[PDB]
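Here the structure is laid out as structure tokens; the discussion comes afterwards.
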Amino acid sequence: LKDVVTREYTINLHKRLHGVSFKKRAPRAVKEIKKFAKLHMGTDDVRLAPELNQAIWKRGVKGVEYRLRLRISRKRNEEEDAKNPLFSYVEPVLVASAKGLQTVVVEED
Amino acid sequence: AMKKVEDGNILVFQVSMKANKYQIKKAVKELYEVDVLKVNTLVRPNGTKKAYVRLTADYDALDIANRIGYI
Amino acid sequence: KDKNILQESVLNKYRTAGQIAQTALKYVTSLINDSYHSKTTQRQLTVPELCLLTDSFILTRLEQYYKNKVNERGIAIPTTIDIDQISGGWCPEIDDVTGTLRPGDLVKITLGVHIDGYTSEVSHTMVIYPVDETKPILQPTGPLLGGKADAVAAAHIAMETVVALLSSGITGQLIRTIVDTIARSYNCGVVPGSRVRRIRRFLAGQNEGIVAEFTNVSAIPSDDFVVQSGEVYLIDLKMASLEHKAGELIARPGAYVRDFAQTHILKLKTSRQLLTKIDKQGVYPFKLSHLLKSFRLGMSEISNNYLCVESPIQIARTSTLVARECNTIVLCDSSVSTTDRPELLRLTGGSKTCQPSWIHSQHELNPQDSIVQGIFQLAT
Amino acid sequence: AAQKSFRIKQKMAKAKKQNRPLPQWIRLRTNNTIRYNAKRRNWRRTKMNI
RNA sequence: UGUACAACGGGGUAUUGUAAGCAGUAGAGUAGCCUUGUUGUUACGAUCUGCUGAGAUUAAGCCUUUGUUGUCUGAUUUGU
RNA sequence: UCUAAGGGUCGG
RNA sequence: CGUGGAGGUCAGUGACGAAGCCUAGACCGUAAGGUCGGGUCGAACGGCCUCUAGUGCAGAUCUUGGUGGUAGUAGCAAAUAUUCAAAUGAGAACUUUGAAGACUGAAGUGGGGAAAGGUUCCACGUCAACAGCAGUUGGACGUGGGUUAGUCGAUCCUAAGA
């Protein structure tokens, strides 16, 4: 089927950015986060909130946080039906520390 | 140039290349029966000379603009 | 959707505008005399003084009715005076060449009044006369003859035919056909393609129209239509002694109307401000004389981008005559003694009527000919 | 140059009025061969040599 | 559809060398104000001590895992 | 964190 | 044997198709060559006796033009660096707007000028070519607009010198 969810995930960016050329770290974090959204909930169309871009790049090219707690909601596509009927919108969750947490279904009202 | 007529009491003319501020003021003063405050001129980049002729406050260029018959 | 689709109050507003149009028209006809004759009375009459007089009278008379009420009223069509072979829309600017009336000139006076957007249009044709005091009884004990008489009688009989035919249940095409038959009876021709419009509140140019003497292309592009109860029409008859193919002849257009269907962001401040001032006007058509230089430039950009529609001054061939009668009529259903039938109520009145005994033509409508049987019956 | 002589500016003006495409109606003339303005010039392709 | 796989989390293993915050009659002193000191208080003070071998990091080619969450038939060819 | 030394102006 | 042209002759061939070109189709000749069919084509051309030469190519690092293999190859790596979104558009890594991250760091990647250019300035439209990816962008293409002086220069003066 195709069922509209919205969970909350912590991504380990550290192990995914290990080794990366410094000028390419924040940029990879963008790509790597999409790759993650895709992996969870096979979406393929992954849009990143600008507040999350900001989160990602907040210490500049080189200093990406090691974990991000992300909010990823699979959603219905509208207009001139792009190949796939479904989305993932990814945004950041304001939390104290990204350490400790497990993936969570956010119940949607 | 039209704006100059509407807002600056100025008549704008292409004028002989061979003219001069005296010779221009005189001709304007006679072809149009108006008095003249000063003439500025320049040589346009297409090789003609354009003359800004400001009229004295006794005259309204817009009036005399559309007497001559343009607008 | 308007509630109410029609009301007594609307009929009143049409009738009152019609009374004004009729009165102003008659005043202008009385004020028409030769230039020499006007001179004997310490006045001068040109194609300008009469237009100015007409418009001022429309504003003064509309100013006196519905006083203290939040509304608009005034000119629906600026006074236009079109002489001899000139067809329509002559309303000169102060800077244009004026025209001075001559004894024997054929004159068409065309004007319109509105009250709260309800329009009463009228036009009338007559022949100019010297001052009665100088030639007492002479003009009267004489008749108009020749091509002037031919074209005036033809145009008035076309108006009479239309009064009888523009009624609920009839088709516009019937009117077009009758007009050709009447005009040809006098060896005259209705001017090709000219339109009579349905009127609505604020709308002088309804898309439902009667067309005169259409070319083959005009016949294809023009829509056949049936008249209905509660419709209003400004029936406009323009007939020529010549071929009937009116043309522009380099005369400056002075009458325009704003077209609210068209939009454009104008580039010049003068044009934008001119646009704004126009939209402050009640009637669709106005004359540039109501503004003169700063209007002339604003007009250019607005007309270019179709924000203003021109009413051009058209002419027939030199030496020919064009006659016109225009009247406004209110069509509606009359339920009397149990039966409902459409009846039309003309509101132009006295202003639109001509004195038939003034005109003597060699010709008349012929009913015996296979070609004009029925027309005589209609007209009687 | 900015402060430029009149002779130069004159030549400059002429050189600018010549700088246009072929007027399309020439192509309609009878027995016309000229398809395009073959003597056309550009400030970044060919200098004027004063 | 599993003694599955993955993302997280947990535990182990490592590295560094004691986090932030709070508290202290710890601190060379100086300077204010007072009831003028059996501990007078107020401001400032590197640093020191305690909670604290703490805190941070730890597979990206470390090990493990009774937890949480998710995934699980798209494409193309092939025959004696 | 302290100590000391190095100027100006105006009243006798 | 074959070619350009010339005198003579076949009252030569031809728009019912001349010349030319293509054709592991045919025939003549030791050969240079000649002849025929079919296809394509469109206006002129040939045999014989003579006359005449700017008369026959494989080469000359020959001349001019045109074309290959090389090869979708070498490459398109200096000047710290980009990212998210929306808008627009047939189309967006490259346009515009917003946000982020950065750089030039006043010895500037800032603000003006001299020589030199000559309209590149500004607006509207706009992408075939050009900007060694792209393009809706441009110093490009099309169409227009634009340079205002008694006081800023030239103009006057004299310099080396002419």
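Chain identifiers are assigned as A, B, and so on, following the order in which chains appear in the structure tokens; residues are numbered from 1 within each chain, and ligands are numbered from 1 in order of appearance.
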Please report as a VMD selection string which residues of chain B come no farther than 7 Å from chain G, using only C-alpha atoms (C1' of nucleotides).
chain B and resid 40 to 42
With only C-alpha atoms (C1' of nucleotides) as the counted atoms, please give the residues lying no more than 10 Å from residue 15 of chain D, apart from itself and same-chain residues fewer than 4 positions off, as a PyMOL selection string.
(chain B and resi 46) or (chain D and resi 9-11+19+41+48) or (chain G and resi 118)
Identify, on the basis of only C-alpha atoms (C1' of nucleotides), every residue whose closest approach to residue 48 of chain E does not exceed 12 Å; exclude the query and any residue fewer than 3 positions from it along the same chain; express the result as a VMD selection string.
chain E and resid 24 26 to 27
What lies within 12 Å of residue 50 of chain A using only C-alpha atoms (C1' of nucleotides), ignoring chain neighbours under 3 positions off, as a list in words?
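Once the adjacent positions are removed, what remains is residues 30, 47, 53, 54, 55, 56, 57, 58, 89, 90, 91 and 92 of chain A; 83, 84, 85, 86, 98, 99 and 100 of chain G.
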Non-local contacts of segment 4-6 of chain C (10 Å; only C-alpha atoms (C1' of nucleotides); under 3 positions in same chain excluded) as a compact mmCIF listing (two decimals) with N, CA, C and O atoms, in the first residue's frame:
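Generated file (result_14.txt):
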```txt
# COMPACT_ATOMS: atom_id res chain seq x y z
N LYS C 1 -26.94 37.70 -11.90
CA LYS C 1 -28.05 37.65 -10.89
C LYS C 1 -28.26 38.99 -10.19
O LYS C 1 -29.34 39.25 -9.65
N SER C 9 -38.80 51.33 -10.33
CA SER C 9 -37.81 52.41 -10.11
C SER C 9 -36.82 52.53 -11.27
O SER C 9 -36.37 53.64 -11.61
N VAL C 10 -36.48 51.39 -11.85
CA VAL C 10 -35.57 51.36 -12.99
C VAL C 10 -36.25 51.99 -14.21
O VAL C 10 -35.65 52.82 -14.92
N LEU C 11 -37.52 51.62 -14.44
CA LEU C 11 -38.29 52.24 -15.53
C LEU C 11 -38.31 53.77 -15.34
O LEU C 11 -38.06 54.52 -16.29
N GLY C 230 -38.36 42.65 -21.03
CA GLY C 230 -37.46 43.31 -20.05
C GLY C 230 -36.11 43.75 -20.61
O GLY C 230 -35.28 44.27 -19.88
N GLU C 231 -35.88 43.54 -21.91
CA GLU C 231 -34.67 44.04 -22.55
C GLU C 231 -34.89 45.48 -22.98
O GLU C 231 -36.03 45.93 -23.19
N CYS C 332 -40.97 44.72 -22.96
CA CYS C 332 -41.43 44.01 -21.79
C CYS C 332 -42.76 43.31 -21.99
O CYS C 332 -43.50 43.58 -22.94
```
Can you tell me, as a PyMOL selection string, what residues are no more than 12 Å from residue 33 of chain E when counting only C-alpha atoms (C1' of nucleotides), ignoring any on the same chain fewer than 3 positions away?
chain E and resi 36+40-43
Looking only at alpha helix (DSSP H) from DSSP on the backbone, list the matching residues of segment 73-302 of chain C as a PyMOL selection string.
chain C and resi 146-165+172-184+216-219+269-278+293-302
What does the structure give for the distance between atom CA of residue 108 of chain A and atom CA of residue 8 of chain A, in Å to one decimal?
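Interatomic distance here is 11.9 Å.
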Name all residues at most 9 Å from segment 2-10 of chain F (count only C-alpha atoms (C1' of nucleotides); drop same-chain ones fewer than 2 positions away) and give them as a VMD selection string.
chain E and resid 28 to 30
Can I get the selected residues back with N, CA, C and O atoms (P, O5', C5', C4', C3', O3' and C1' of nucleotides), as a PDB file, in the first residue's frame?
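Ended up saving to out_15.pdb:
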```
ATOM      1  P     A E  28      46.033  33.760  50.624  1.00  0.00           P
ATOM      2  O5'   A E  28      47.162  34.797  50.133  1.00  0.00           O
ATOM      3  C5'   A E  28      48.557  34.505  50.216  1.00  0.00           C
ATOM      4  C4'   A E  28      49.311  35.184  49.105  1.00  0.00           C
ATOM      5  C3'   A E  28      49.057  36.675  48.959  1.00  0.00           C
ATOM      6  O3'   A E  28      49.924  37.454  49.754  1.00  0.00           O
ATOM      7  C1'   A E  28      48.862  35.605  46.852  1.00  0.00           C
ATOM      8  P     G E  29      49.557  37.876  51.254  1.00  0.00           P
ATOM      9  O5'   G E  29      48.010  38.106  51.202  1.00  0.00           O
ATOM     10  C5'   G E  29      47.506  39.413  51.125  1.00  0.00           C
ATOM     11  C4'   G E  29      47.574  39.949  49.722  1.00  0.00           C
ATOM     12  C3'   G E  29      46.766  41.203  49.497  1.00  0.00           C
ATOM     13  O3'   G E  29      47.520  42.352  49.747  1.00  0.00           O
ATOM     14  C1'   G E  29      46.106  39.588  47.947  1.00  0.00           C
ATOM     15  P     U E  30      47.033  43.387  50.853  1.00  0.00           P
ATOM     16  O5'   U E  30      46.119  44.353  49.991  1.00  0.00           O
ATOM     17  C5'   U E  30      46.678  45.089  48.924  1.00  0.00           C
ATOM     18  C4'   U E  30      45.630  45.520  47.943  1.00  0.00           C
ATOM     19  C3'   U E  30      44.534  46.407  48.485  1.00  0.00           C
ATOM     20  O3'   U E  30      44.941  47.752  48.662  1.00  0.00           O
ATOM     21  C1'   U E  30      43.628  44.765  47.051  1.00  0.00           C
TER      22        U E  30
END
```
May I ask for the distance between atom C1' of residue 143 of chain G and atom CA of residue 27 of chain D, given in Å to one decimal place?
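Taking atom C1' of residue 143 of chain G as the start and atom CA of residue 27 of chain D as the end point, the length is 19.7 Å.
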DSSP-assigned strand (DSSP E) members of segment 247-301 of chain C, reported as a list in words
residues 247, 248, 255, 256, 257, 258, 285, 286 and 287 of chain C
Write a file of the selected residues as a PDB file, in the first residue's frame, keeping C-alpha atoms.
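Output (out_3.pdb):
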```pdb
ATOM      1  CA  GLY C 247     -14.518  55.386 -44.067  1.00  0.00           C
ATOM      2  CA  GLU C 248     -12.043  57.193 -41.871  1.00  0.00           C
ATOM      3  CA  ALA C 255     -14.805  60.331 -28.252  1.00  0.00           C
ATOM      4  CA  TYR C 256     -13.555  57.316 -26.286  1.00  0.00           C
ATOM      5  CA  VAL C 257     -14.833  54.851 -23.721  1.00  0.00           C
ATOM      6  CA  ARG C 258     -12.957  52.879 -21.075  1.00  0.00           C
ATOM      7  CA  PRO C 285     -18.218  57.323 -23.615  1.00  0.00           C
ATOM      8  CA  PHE C 286     -16.722  60.772 -23.074  1.00  0.00           C
ATOM      9  CA  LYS C 287     -15.115  63.460 -25.199  1.00  0.00           C
TER      10      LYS C 287
END
```
With only C-alpha atoms (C1' of nucleotides) as the basis for distance, which of G:88, G:1, G:112, G:141 is at the shortest distance from residue 125 of chain G?
G:141
Distance table requested - chain B against chain C, cut-off 12 Å, only C-alpha atoms: one row per qualifying residue with the closest atom pair and its distance in Å to one decimal, ordered by chain and rising residue number, as a Markdown table.
```
| residue | atom | partner | partner_atom | distance |
| --- | --- | --- | --- | --- |
| B:1 | CA | C:268 | CA | 11.9 |
| B:2 | CA | C:297 | CA | 9.2 |
| B:3 | CA | C:270 | CA | 8.7 |
| B:5 | CA | C:294 | CA | 10.4 |
| B:6 | CA | C:294 | CA | 8.1 |
| B:7 | CA | C:270 | CA | 10.7 |
| B:60 | CA | C:293 | CA | 10.9 |
| B:61 | CA | C:293 | CA | 10.3 |
| B:62 | CA | C:293 | CA | 6.7 |
| B:63 | CA | C:293 | CA | 6.4 |
| B:64 | CA | C:293 | CA | 9.0 |
| B:65 | CA | C:293 | CA | 7.9 |
| B:66 | CA | C:293 | CA | 5.6 |
| B:67 | CA | C:293 | CA | 8.3 |
| B:68 | CA | C:293 | CA | 10.8 |
| B:69 | CA | C:293 | CA | 9.0 |
| B:70 | CA | C:297 | CA | 8.3 |
| B:71 | CA | C:297 | CA | 4.8 |
```
Just-selected residues, N, CA, C and O atoms written as a PDB file, in the first residue's frame:
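File result_2.pdb, as written:
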```pdb
ATOM      1  N   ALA B   1      11.919  62.888 -22.529  1.00  0.00           N
ATOM      2  CA  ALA B   1      11.894  64.272 -22.935  1.00  0.00           C
ATOM      3  C   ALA B   1      10.490  64.815 -22.634  1.00  0.00           C
ATOM      4  O   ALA B   1      10.307  65.966 -22.230  1.00  0.00           O
ATOM      5  N   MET B   2       9.484  63.984 -22.843  1.00  0.00           N
ATOM      6  CA  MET B   2       8.124  64.419 -22.619  1.00  0.00           C
ATOM      7  C   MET B   2       7.965  64.862 -21.161  1.00  0.00           C
ATOM      8  O   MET B   2       7.480  65.952 -20.893  1.00  0.00           O
ATOM      9  N   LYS B   3       8.424  64.031 -20.231  1.00  0.00           N
ATOM     10  CA  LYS B   3       8.484  64.388 -18.814  1.00  0.00           C
ATOM     11  C   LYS B   3       9.123  65.759 -18.576  1.00  0.00           C
ATOM     12  O   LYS B   3       8.689  66.505 -17.711  1.00  0.00           O
ATOM     13  N   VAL B   5       8.881  68.156 -20.531  1.00  0.00           N
ATOM     14  CA  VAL B   5       7.889  69.140 -20.921  1.00  0.00           C
ATOM     15  C   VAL B   5       6.856  69.250 -19.794  1.00  0.00           C
ATOM     16  O   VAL B   5       6.661  70.323 -19.225  1.00  0.00           O
ATOM     17  N   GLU B   6       6.243  68.131 -19.436  1.00  0.00           N
ATOM     18  CA  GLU B   6       5.280  68.107 -18.341  1.00  0.00           C
ATOM     19  C   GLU B   6       5.796  68.704 -16.983  1.00  0.00           C
ATOM     20  O   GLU B   6       5.017  69.316 -16.247  1.00  0.00           O
ATOM     21  N   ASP B   7       7.091  68.575 -16.663  1.00  0.00           N
ATOM     22  CA  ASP B   7       7.566  68.852 -15.292  1.00  0.00           C
ATOM     23  C   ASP B   7       8.706  69.848 -15.134  1.00  0.00           C
ATOM     24  O   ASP B   7       9.067  70.209 -14.019  1.00  0.00           O
ATOM     25  N   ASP B  60       4.087  78.064 -20.577  1.00  0.00           N
ATOM     26  CA  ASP B  60       3.957  76.675 -20.167  1.00  0.00           C
ATOM     27  C   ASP B  60       4.296  75.859 -21.385  1.00  0.00           C
ATOM     28  O   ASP B  60       3.579  75.896 -22.380  1.00  0.00           O
ATOM     29  N   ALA B  61       5.396  75.127 -21.291  1.00  0.00           N
ATOM     30  CA  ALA B  61       5.901  74.385 -22.417  1.00  0.00           C
ATOM     31  C   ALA B  61       4.868  73.384 -22.900  1.00  0.00           C
ATOM     32  O   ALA B  61       4.658  73.272 -24.115  1.00  0.00           O
ATOM     33  N   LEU B  62       4.196  72.703 -21.966  1.00  0.00           N
ATOM     34  CA  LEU B  62       3.161  71.718 -22.324  1.00  0.00           C
ATOM     35  C   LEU B  62       2.081  72.324 -23.201  1.00  0.00           C
ATOM     36  O   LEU B  62       1.643  71.713 -24.181  1.00  0.00           O
ATOM     37  N   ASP B  63       1.649  73.519 -22.838  1.00  0.00           N
ATOM     38  CA  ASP B  63       0.738  74.247 -23.687  1.00  0.00           C
ATOM     39  C   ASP B  63       1.328  74.346 -25.080  1.00  0.00           C
ATOM     40  O   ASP B  63       0.728  73.904 -26.060  1.00  0.00           O
ATOM     41  N   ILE B  64       2.534  74.901 -25.150  1.00  0.00           N
ATOM     42  CA  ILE B  64       3.135  75.230 -26.433  1.00  0.00           C
ATOM     43  C   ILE B  64       3.678  73.984 -27.118  1.00  0.00           C
ATOM     44  O   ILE B  64       3.802  73.920 -28.334  1.00  0.00           O
ATOM     45  N   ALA B  65       3.964  72.972 -26.323  1.00  0.00           N
ATOM     46  CA  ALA B  65       4.206  71.655 -26.884  1.00  0.00           C
ATOM     47  C   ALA B  65       3.049  71.197 -27.759  1.00  0.00           C
ATOM     48  O   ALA B  65       3.256  70.781 -28.888  1.00  0.00           O
ATOM     49  N   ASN B  66       1.833  71.231 -27.238  1.00  0.00           N
ATOM     50  CA  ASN B  66       0.759  70.667 -28.020  1.00  0.00           C
ATOM     51  C   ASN B  66       0.077  71.687 -28.911  1.00  0.00           C
ATOM     52  O   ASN B  66      -0.861  71.351 -29.614  1.00  0.00           O
ATOM     53  N   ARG B  67       0.560  72.925 -28.879  1.00  0.00           N
ATOM     54  CA  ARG B  67       0.233  73.876 -29.932  1.00  0.00           C
ATOM     55  C   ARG B  67       0.973  73.461 -31.219  1.00  0.00           C
ATOM     56  O   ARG B  67       0.353  73.222 -32.243  1.00  0.00           O
ATOM     57  N   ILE B  68       2.298  73.375 -31.146  1.00  0.00           N
ATOM     58  CA  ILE B  68       3.147  72.788 -32.187  1.00  0.00           C
ATOM     59  C   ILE B  68       2.564  71.470 -32.707  1.00  0.00           C
ATOM     60  O   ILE B  68       2.596  71.190 -33.915  1.00  0.00           O
ATOM     61  N   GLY B  69       2.047  70.662 -31.784  1.00  0.00           N
ATOM     62  CA  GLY B  69       1.230  69.532 -32.144  1.00  0.00           C
ATOM     63  C   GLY B  69       1.783  68.152 -31.876  1.00  0.00           C
ATOM     64  O   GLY B  69       1.506  67.218 -32.618  1.00  0.00           O
ATOM     65  N   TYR B  70       2.560  67.998 -30.819  1.00  0.00           N
ATOM     66  CA  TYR B  70       2.957  66.657 -30.393  1.00  0.00           C
ATOM     67  C   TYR B  70       2.525  66.470 -28.939  1.00  0.00           C
ATOM     68  O   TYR B  70       2.048  67.425 -28.317  1.00  0.00           O
ATOM     69  N   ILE B  71       2.658  65.251 -28.416  1.00  0.00           N
ATOM     70  CA  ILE B  71       2.384  64.954 -26.995  1.00  0.00           C
ATOM     71  C   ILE B  71       2.776  63.518 -26.612  1.00  0.00           C
ATOM     72  O   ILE B  71       3.952  63.221 -26.378  1.00  0.00           O
TER      73      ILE B  71
END
```
